[PDB]
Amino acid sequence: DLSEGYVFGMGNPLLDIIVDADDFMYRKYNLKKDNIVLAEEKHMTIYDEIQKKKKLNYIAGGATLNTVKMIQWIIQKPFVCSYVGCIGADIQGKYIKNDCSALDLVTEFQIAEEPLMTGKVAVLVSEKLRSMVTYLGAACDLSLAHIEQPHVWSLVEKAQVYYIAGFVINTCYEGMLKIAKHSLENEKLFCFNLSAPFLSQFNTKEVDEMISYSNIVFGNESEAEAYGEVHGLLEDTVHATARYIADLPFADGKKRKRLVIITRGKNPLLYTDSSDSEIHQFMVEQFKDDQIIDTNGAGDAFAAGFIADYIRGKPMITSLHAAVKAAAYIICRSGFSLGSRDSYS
């Protein structure tokens, strides 16, 4: 039985806008398969353009938020998880804030100065391509000051486990760095997600620095390849990356075990740790084509599933199965939708 605020996350609270996109959209905005981009000016028309389309699905998002609130949902004990993010003073931000309260997730949202609106993600869904365009908006205003407030920082201090996605590097690196240093200093469990290929390519220093404070690092095949190329791991890139990341020294240079898990879609995931000379394969659930509804957020769920079991003392393999279950649950659902806890099986 975990104490209240045992798990802490900070991240980008965003609204997912899920649309059945036409094929021209992907060529028009130069969007790649399963890719994530931070919007530039050339992307900005996308948001008004998709508003013209029917059947829009508006649902709470944000990688870190998805994970931490599903941990909360899994554990069922009220207020075990706490989350910090920056939203805007708009209806979207309030919707997200109410979504959290409904899940018994303790939050301390920073509110961005008007008229900076809550961030949003355009999720373009089609048969051939899945792609995301991110407008961070209010999420960028998350500040070290907000975090260092006594009523906020106290959430961090009582936390024994942290989850922060790589995505937070673009919004509040100073905050996530401070918390990571606190975690390693008090021998707590800091969990980190590689989140997206562009982070390893363009924010390599921040990624590697975070890794040096991370006890558990989550990644997928795509991120592992981008990471590996950047570090000159030309042969056996994915395996080489798992080994490299696992073996990277901790910030204080102390000998410690860092667990690394690299998911590979429908194919077996890889895992290893610093003390393990080998990399293991773990088979995952098989899906027929018609069973796959929407894989978006599967990675977020995977992490939540693993952590929720691992921090309660379940062994590695047991925790990996719980991670796949969490991921499979999201896969059979549209958006990061958490239904009634009873029907989780």
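Don't overthink the numbering: it's just position in the shown sequence, from 1.
- Here 226-234 and 197-205 are compared by their mean Cα B-factor, and 226-234 comes out higher.
- 58-66 and 29-37 differ in mean CA B-factor, and the higher of the two is recorded for 29-37.
- For the set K120, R243, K254, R264, the PDB entry assigns the largest Cα B-factor to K254.
- Between the residues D90, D141, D247, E127, it is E127 that shows the highest Cα B-factor in the PDB record.
- In the PDB entry, a CA B factor belonging to the middle third of its chain's modelled residues is recorded for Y173.
- Ranked by C-alpha B-factor against the other modelled residues of its chain, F79 falls in the highest third.
- Annotation for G137: CA B-factor lies in the lowest third of the chain's modelled residues.
- Remark: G313 belongs to the highest third of its chain, ranked by C-alpha B-factor as recorded.
- Among all modelled residues in this chain, the alpha-carbon of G219 has a temperature factor (C-alpha) in the lowest third.
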